[PDB]
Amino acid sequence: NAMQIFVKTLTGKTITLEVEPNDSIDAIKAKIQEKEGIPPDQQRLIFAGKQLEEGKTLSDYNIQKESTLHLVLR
């Protein structure tokens, strides 16, 4: 079931994540924290024009394999 997505970080580089289709946004943020050292509470995430919010899931925004989310700092 697992799949690869990417997050475009604050440097413009991307990190690679292994995620499940219904993973919460909270789990993505925690993976971003482990690699970037930014607390989830300071992360704002965007995909295809949508704000990705805590408590919601990847599938809420139709984030499929090879999607690149964009990270914005709070």
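Throughout, we count residues from 1 along the sequence that is shown.
Colleague: Based on the entry's values, in what third of the chain does the Cα temperature factor of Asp41 lie: lowest, middle or highest?
Modeller: It falls in the top third of the chain.
Colleague: Is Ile25 in the lowest, middle or highest third of its chain when residues are ranked by C-alpha B-factor?
Modeller: Bottom third by C-alpha B-factor.
Colleague: For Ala2, return the chain-relative third of its C-alpha B-factor as stated in the PDB record: lowest, middle or highest.
Modeller: CA B-factor rank for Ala2: highest third.
Colleague: Name the third of the chain's ranked CA B-factors that contains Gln51, choosing lowest, middle or highest.
Modeller: Ranked within chain, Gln51 CA B lands in the highest tercile.
Colleague: Relative to the other modelled residues of the same chain, rank the CA B-factor of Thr14 and answer lowest, middle or highest third.
Modeller: Answer is middle: the recorded C-alpha B-factor places it there.
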